[PDB]
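Student: Curious how this folds, go ahead:
(chains A, B and C)
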Amino acid sequence: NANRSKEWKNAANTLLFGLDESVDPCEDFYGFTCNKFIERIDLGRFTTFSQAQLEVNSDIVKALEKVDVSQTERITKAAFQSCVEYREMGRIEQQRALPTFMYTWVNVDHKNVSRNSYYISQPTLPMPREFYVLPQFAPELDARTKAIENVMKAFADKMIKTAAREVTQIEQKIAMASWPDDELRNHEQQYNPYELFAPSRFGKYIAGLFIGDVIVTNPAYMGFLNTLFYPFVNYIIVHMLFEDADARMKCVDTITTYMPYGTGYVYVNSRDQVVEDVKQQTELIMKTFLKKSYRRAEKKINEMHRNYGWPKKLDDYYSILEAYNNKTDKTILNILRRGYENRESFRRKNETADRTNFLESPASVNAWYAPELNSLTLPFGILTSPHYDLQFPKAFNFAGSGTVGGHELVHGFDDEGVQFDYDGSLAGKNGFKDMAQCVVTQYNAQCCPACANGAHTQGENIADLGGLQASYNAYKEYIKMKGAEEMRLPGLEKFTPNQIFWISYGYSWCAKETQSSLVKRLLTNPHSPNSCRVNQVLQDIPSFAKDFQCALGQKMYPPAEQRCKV
Amino acid sequence: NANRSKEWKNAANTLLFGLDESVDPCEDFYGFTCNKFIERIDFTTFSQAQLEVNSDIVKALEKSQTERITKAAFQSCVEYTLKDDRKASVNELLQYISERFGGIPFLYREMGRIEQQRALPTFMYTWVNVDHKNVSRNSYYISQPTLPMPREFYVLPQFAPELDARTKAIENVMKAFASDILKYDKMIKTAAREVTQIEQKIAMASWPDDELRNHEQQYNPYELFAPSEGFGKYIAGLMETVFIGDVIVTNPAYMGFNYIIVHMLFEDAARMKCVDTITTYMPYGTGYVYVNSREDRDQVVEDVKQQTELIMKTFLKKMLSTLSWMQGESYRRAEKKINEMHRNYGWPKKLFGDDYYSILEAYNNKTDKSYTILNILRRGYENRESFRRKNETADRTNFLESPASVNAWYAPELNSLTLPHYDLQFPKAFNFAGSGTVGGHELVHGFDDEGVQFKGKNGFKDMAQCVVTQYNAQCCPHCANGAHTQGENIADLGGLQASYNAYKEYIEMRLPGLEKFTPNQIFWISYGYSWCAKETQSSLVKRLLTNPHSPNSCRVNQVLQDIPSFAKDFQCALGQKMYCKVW
Amino acid sequence: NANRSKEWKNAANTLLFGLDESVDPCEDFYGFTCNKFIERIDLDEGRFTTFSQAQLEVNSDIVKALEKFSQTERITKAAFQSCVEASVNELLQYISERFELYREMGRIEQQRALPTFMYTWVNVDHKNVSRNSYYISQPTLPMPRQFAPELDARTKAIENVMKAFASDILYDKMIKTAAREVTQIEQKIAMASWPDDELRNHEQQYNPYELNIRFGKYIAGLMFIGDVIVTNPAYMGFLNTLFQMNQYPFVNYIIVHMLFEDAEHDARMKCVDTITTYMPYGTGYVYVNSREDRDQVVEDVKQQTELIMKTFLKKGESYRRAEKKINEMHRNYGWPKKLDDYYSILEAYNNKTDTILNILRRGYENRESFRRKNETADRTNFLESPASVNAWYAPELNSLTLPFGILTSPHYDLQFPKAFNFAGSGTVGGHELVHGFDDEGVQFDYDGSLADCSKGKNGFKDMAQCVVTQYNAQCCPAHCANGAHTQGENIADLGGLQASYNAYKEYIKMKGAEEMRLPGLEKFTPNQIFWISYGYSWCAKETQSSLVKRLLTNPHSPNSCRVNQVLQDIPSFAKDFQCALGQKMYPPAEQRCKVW
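Tutor: Residues are numbered from 1 along each chain as shown, chains lettered A, B, ... in the order given. You can find the structure just below:
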């Protein structure tokens, strides 16, 4: 009874391409869903997101090339062309946006949503945080001296040898000082502000870049730095240097992360239907999620600062001025634009806190959410190929936008999201806490395929479970309004709508990765390892197991001990 | 089969008693060993065994001098109200003490000086032993203090709010304490959250277990002057004589910037327990007593010697076989680390033979019974030992605890193996199982993630990896945990196998009462016995998540499971929840 | 419990090599008994049966004893000692000596044991059992077989033989024709010869002829005769349509064939083996009179086999008739009764000396077994050496033998639990025993005459049919098997086992308990061990290609397919490993073909 609207045929090709019929649709759900997408592709990590992200970046190079007559654009253009080819630490941070010894950035204070308090957190290294220090892995330990001596002789003699083992050692001594992520899961503790007279050249340090109360997220690592203290300079060089080992991509990507505004304004304006199309989808989920104390979070949602698309402060006047602190003329640019990006975010400190800010370019794809202020952010880039394009079977746009929305939204109600109120502040909920153990335990009863653990990521794990499990209900409702959009996609007449919805959702996640980066990924992120993700989060949603009616016993349907919820 | 000497048939009795039989061993072996015992008796077969030698002690105690010292102290405690009359209102001097060390609710210095005082350290847990590097003199170790709660002060659910629990106990105490007025309330609750707070922090500072293994980096040789830029007073607190001593502080912790008090209290509430106190504090005294108790000592010496040397030989051979990753360099490395391994049995060589000498070394005690005062005395005393040998030469042999205590330990840096149901002359199952596996757990403990520290060897660390990831598959009720244990854990299924494999090459009659079980599978059983430990379910985490060791059920099933041989002695088709090579 | 006695350790050591307890024994079996063996033993630089294992063992022991008043034993010893090793010249001489084509062909066959175009050597007739009689029959040809180009491999090799010959000059292309000649000659021979399965109507292949057209005496070339019997009116006609130019391409063939024979002309085996093939009673006489031990073999079997038979036989008119048959069977154990020495020499009295050595043997074996013609017919002999490992049953004598050879490797040993031996020797023996009641043997009768031993023949075909179903639906791993051409000996073992098993059972019911768990794998009764054994014997892995190669050509099935089929057809075993129903080794569903 299928449909043959050509727009659906285009979206059909994508899903079908990765879908595999060889394997059954119950056992290793993830496997069946995208075994193809594994076995098709060439050779770091590579995955559906990286797929889209690519697509859109190609597109932006395109339009970039096309129109070359706002000065902002003009900048990004010339850039792209050019690319195709105590006090100490601070000063460097300023000029480089390369961090050491302290990571520093600014945003709304957590006590009150008015002054922009200074957050000084412990820094993130090129390699993972707690990968160094275990009676364990023997990785790369020289690669430092390796890459140093490389460019070293090009600069041109053996100080290198010691200097290496020394600097590495400074690292090792810095790492175990940090905090694992197991417990950057509590803001009750990081927040403990000090003034500008409490530091006892930190005054000078900042003077590299205030009278305001200053906040140290980590007082155990900050106090350890005082016991640490000349040769350290080497170290920083290392890192600074260490920054710098088709180029179409890596170029435009650098752009993305550094001219995080022009890119978006030059892509989204190269549009009134899209914003309105997702406007209802965002309002559909939220309320459905709601319908299930209660009053507070109820408010929170009803006050959450939604923001579709991209900033509204994107004629030209604003886009000009906001970035006007640029001047870039004819790859020293790399420096130039590194010193403008980090300064543009640090200059906001002086100004009063806002509720509309935009935490990153509207160019790439992940609906980032700041519990900090209170904000979803679904940058326009995302709402696209296979998450949602303007005319696909509602099956998708729910499984796409609707999803990553919901997965985001729910953050306001996880491990962290609880301890913030819509202001952006703090203060039977134990019941929920129970569930935590539940998931992380049941989850931990499952593994990865190459290790085989995941007790840190219950954050994003539950974020998924909820977001989707809700969203789906939302779609169910939506169609309960009408009852016909069930026109099943052409070129695949063996799944029902609901089936599809899942199939899509799965496909959203696939990836084929070298084992090395897999095991590193495992301990370097707030993520399940994707296969674990898909399979597990579907071990839980009942409605899924239903639509597939995979009878008992088959290894995806143990309702006996049921599936914890939120 | 089935001889009928006295102690023989009695051995048969013990193995027969707590056993269950209507539970198949190739299904649930955990409760099999002692199932009836769990439903009849109401804890371990150790506090059992411990109790036992303890009784034996008092049985010598009915009547030289060191004995007199003990017996008197024993009295001090066992004078019943000397456990009551003082703690009734000895707060009189608790004031003396406490206020001698500060104020109160509503008034770094003392920080450690409590050591010499009551050895209830806080904020500098410290002691001396061999300089880990330049092994000819001991020096110091000034490290983080173990916290009254286990590691878990976090948003970590398993404790996250249950922290409040402690508060209340604490809070409770205060009021019960605050009952006393010598020289209403609100403010306390604030004090609660302060103490708990500095707890969460001091933990945060500190170092959880799993990483506390790289002695490769736990070694920060510091001399007084980096401290002079963090103190020197503090150590001067621990003076009874000298500064050339080269301390080495392991754990860079956030030096600092009311609570210590909050702790001391928490330590200040028929007889055995007192003897236990002694055993942790007056090691060699009560020990020498134990020696004096039993003769036949020499024969035990003979035997347990032959036994232990036999086993360590076998283990060396195992090394010779397991050469799938290691090699010459590695091998004779091992060979060495073995044949340096020095050995103690029952007693050090300063205990007995001029039958007085201990009373010379232990000559740091007395009082007339003209207690809590004496308590403070004996506590401070144990410490008086733990340091005094700061001055003297590095001794490669030292019972770092009483012989009474019933365990085995490989003080690795001295490289010392040392030992105290105690092996009464039985069919070989017992004698070769109890002291066998003990020889085991020790002997392995000089080759795991610890041992390797006094190349391809990476492969080893992989072997470990394999064991670690096993357990968390199997555990008893929230599962058990992993990486915690690879130190104490993988010991067993190395050292056991080492041992067992002696038994055969040492070879023999079925037992009486029952005989159905031939020797070998018995050996298995009796080993299993040496852990039969009834426990509740709530203390189970308390001994799961806190300690380095790991609880029984794992430590029986997940032991066998990982040794084939136990295949070939139970009639079981290898394909069920029962039946990583380790060496 | 375990009879700690060493030899029992030795028996457990041979049962340990290939134990593979990792895989459940109730799931699959053949894995659980040989997978080790497949694994440890890398393929010796094809098929390496436990048999050929034995073969090495015995044949070695032979060699060991040889080296050392002594007549034939001396003959052999010399013969072998001439093995450590040009002489193509000799062959060339033979051909030259030849080059009335028939009589030529005759003498070639004769003094070179090379059969071509008429594979003939005599025995008793069937229809009149005292009268020796000749036979003439379709030859036996290298490939056994359509689809294949393996034909062209035969080609390549043929031309390459005559090439390597072309080394000697005492025309460098024409060979590349003579090749195709002899090939398509193969093709004719085959494409008229008879494929196998149809080789059972002994009713048919009997038509007699005495003194068709194109013939020359040709019997001369082998050395009032009886009626030469010709087993393929089809074939031995087809020569007649296939005959001064003829000589050129027809003799072309017999050469290349005869040549291809011996191209190649511790390895000592190779030649010793050959010797056993050709002077068989000789090397046999060695083996026994070099191992000499009778008690342990003149009885245990002659205890076993008697037990077995009696049991199986006893588990209308038929039952009796058949009984009288078995009761009648002449049953020759270890070895015959021509074995002090002289008379051994006396039959074997046709050799002496200081490829010539090989040529003296070839013609001596072609005459040896064919020299009985002049004498009276007998029921009392072997087919082959008492030094092989096999067991054969030429119903034409209703003779069941057991070459003493096998009885040492894992088919028999003296000091072993009655289990092992009731699964080794016991089996292959009971296998034999029945092997004369399937549709090969059943056509005969207590003398060797023919009316029909058997109507219940129905029930017989009822067995056969369903079994072929089961097989052609239980396909070996590496692509399937044949039917009938496999039932041929399948049905045999399928029965013989159940016989032997019952035998064990009743035996041990005749001697109390005795069940002494066996001392290296202590965790069984004997029974399980009995299975484990019969399983064992056939433990062999084979060349993946040669797997299918000998899949077709082997009369009887791949190892695995057997061992883990025959079992599936036994309720008893089904018990013995206290398994659950509705598993991979249970025909509640695909019902067992209860053969008896």
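Student: What segments of the stretch 201-350 of chain A are helices?
Tutor: Secondary structure of the stretch 201-350 of chain A (DSSP state H, counting those that start in this stretch): helices at A:202-207, A:219-228, A:232-242, A:248-258, A:262-267, A:272-291, A:294-303, A:317-322, A:333-346.
Student: just the residues of chain A that are near chain B, which are they?
Tutor: Proximity of chain A to chain B, by CB under 8 Å from any CB of the partner chain, involves residues A:133-136, A:138, A:172-173, A:176-177, A:179, A:182-183, A:185-186, A:188-189, A:219-220, A:222-224, A:226-227, A:415, A:430, A:433, A:436-437, A:441, A:444, A:451-452. Just so you know, the C-beta spots here come from the backbone N, C-alpha and C atoms, and that holds for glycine as well.
Student: Please spell out the PyMOL selection for the buried subset of the residues you listed.
Tutor: Buried members of the residues of chain A next to chain B, defined by 16 or more other CB atoms under 10 Å in any protein chain shown, are picked up in PyMOL with:
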select buried, chain A and resi 133+135+136+172+176+177+179+183+185+189+219+220+222+223+224+415+433+436+444+452
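Student: do you know which of the helices of the stretch 201-350 of chain A lies nearest residue A:486?
Tutor: Of all these, it is helix A:272-291 that lies closest to residue A:486, at 17.7 Å by CB to CB.
Student: that older thread, now, the residues of chain A next to chain B that are in helices?
Tutor: Members of the residues of chain A next to chain B lying in helices (criterion: DSSP state H): A:172-173, A:188-189, A:219-220, A:222-224, A:226-227, A:430, A:433, A:436-437, A:441, A:444.
Student: for stretch A:249-266, how far is the first residue from the last?
Tutor: End-to-end distance for stretch A:249-266, by CA to CA, to the nearest Å: 17 Å.
Student: Now do the phi/psi pair for residue A:135.
Tutor: phi -70, psi 80 (degrees, to the nearest 10).
Student: Return the residues in contact with it.
Tutor: Residue A:135 sits next to B:210, B:211, B:213, B:214, B:449, B:461 when contact means CB atoms under 8 Å, 6 or more residues apart in numbering or on different chains.
Student: and the residue nearest to residue A:170 when sequence neighbours are not counted, what does it touch?
Tutor: Ranked by CB to CB, 6 or more residues apart in numbering or on different chains and with sequence neighbours excluded, the top spatial neighbour of residue A:170 is residue A:235, at 5.2 Å. Shown in contact with residue A:235 (CB under 8 Å, 6+ apart): A:100, A:167, A:170, A:171.
Student: and if you look at residue A:117?
Tutor: Contacts of residue A:117 by CB under 8 Å, 6+ apart are A:106, A:107, A:108, A:109, A:110, A:111, A:193, A:212, A:213, A:214, A:215.
Student: Check whether the spatially most central residue of chain A sits in a helix, strand or coil.
Tutor: Against the mean C-alpha coordinate of chain A, by CA atoms, centre = their mean, the closest residue is residue A:366 at 5.4 Å. Three-state call for residue A:366 (DSSP: H, G, I helix; E, B strand; the rest coil): coil.
Student: Disregarding residues adjacent in the polypeptide, which is nearest to the closest residue to chain B within the stretch 201-350 of chain A?
Tutor: Proximity of the stretch 201-350 of chain A to chain B (CB to the nearest CB) peaks at residue A:223, 3.4 Å away. Leaving out its chain neighbours, the residue that sits closest to residue A:223 by CB to CB, 6+ apart is residue B:254, at 3.4 Å.
Student: my read: residue A:517 touches residue A:43, true?
Tutor: No: Residue A:517 is beyond contact range of residue A:43, at 11.0 Å (criterion: CB atoms under 8 Å).
Student: If you count surrounding residues, which of these two has more?
Tutor: residue A:517 (12 against 7; other CB atoms under 10 Å in any protein chain shown).
Student: Quick one: residues contacting residue A:33.
Tutor: A:18, A:19, A:20, A:503, A:506, A:507, A:510, A:534.
Student: Out of the contacts of residue A:135, which two sit at the greatest distance?
Tutor: Maximum pairwise distance among the contacts of residue A:135 (CB to CB): 14.9 Å, between B:211 and B:461.
Student: Now do the strands in chain A.
Tutor: A:103-106, A:118-121, A:214-216 (DSSP state E).
Student: could I get the ones you listed as CSV with mean neighbour count?
Tutor: Below are these laid out as CSV (neighbours: other CB atoms under 10 Å in any protein chain shown):
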stretch, mean neighbour count
strand A:103-106, 16
strand A:118-121, 21
strand A:214-216, 20
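Student: how about residue A:534, what does it touch?
Tutor: A:29, A:30, A:33, A:506, A:509.
Student: Just these: which are in helices?
Tutor: Checked against DSSP H, the contacts of residue A:534 include these in helices: A:29, A:30, A:33, A:506.
Student: For chain C, give me its nearest residue in chain A.
Tutor: Counting by CB to the nearest CB, chain A gets nearest chain C through residue A:553, at 15.2 Å.
Student: neighbours around that residue, how many?
Tutor: By other CB under 10 Å, neighbour count at residue A:553 equals 8.
Student: swap in residue A:351?
Tutor: The burial count for residue A:351: 8, using other CB under 10 Å.
Student: one step back: for ChimeraX, what selects the buried ones among the contacts of residue A:33?
Tutor: Entered in ChimeraX, the line below selects the buried ones among the contacts of residue A:33, by 16+ other CB under 10 Å:
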select /A:18,19,503,506,507,510,534
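Student: coming back round to it: now tabulate the contacts of residue A:235 in JSON lines and tack on neighbour count.
Tutor: What follows is the contacts of residue A:235, written out as JSON lines (neighbours: other CB under 10 Å):
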{"residue": "A:100", "neighbour count": "21"}
{"residue": "A:167", "neighbour count": "22"}
{"residue": "A:170", "neighbour count": "17"}
{"residue": "A:171", "neighbour count": "19"}
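Student: ok, now which ones touch the closest residue to chain B within the stretch 401-550 of chain A?
Tutor: The nearest approach of the stretch 401-550 of chain A to chain B comes at residue A:436, 5.0 Å away (CB to the nearest CB). Residues counted as contacts of residue A:436 (CB under 8 Å, 6+ apart) are A:415, A:458, A:462, B:157.
Student: dump the residue contacts of the second one.
Tutor: Yep, that's residue A:458 we're talking about. Here residue A:458 is in contact with A:414, A:415, A:436, A:439, A:440, A:443 (CB under 8 Å, 6+ apart).
Student: One more pass at 7 Å, please.
Tutor: Counting by CB atoms under 7 Å, 6 or more residues apart in numbering or on different chains, residue A:458 touches A:415, A:436, A:439, A:440.
Student: The first one contacts residue A:459, correct?
Tutor: Yes: in this structure, residue A:415 is within contact of residue A:459 by CB atoms under 7 Å, at 5.2 Å.
Student: Next, count neighbours for residue A:25.
Tutor: 21.
Student: Repeat that for residue A:247.
Tutor: Residue A:247, neighbours per other CB under 10 Å, totals 9.
Student: go on, residue A:73?
Tutor: If you count neighbours by other CB under 10 Å, residue A:73 ends up with 21.
Student: For it, give me its contacts.
Tutor: Contacts of residue A:73 by CB under 7 Å, 6+ apart are A:67, A:262, A:266.
Student: How about the contacts made by the second one?
Tutor: Remark: with contacts taken as CB under 7 Å, 6+ apart, residue A:262 is in contact with A:72, A:73, A:75, A:76, A:323.
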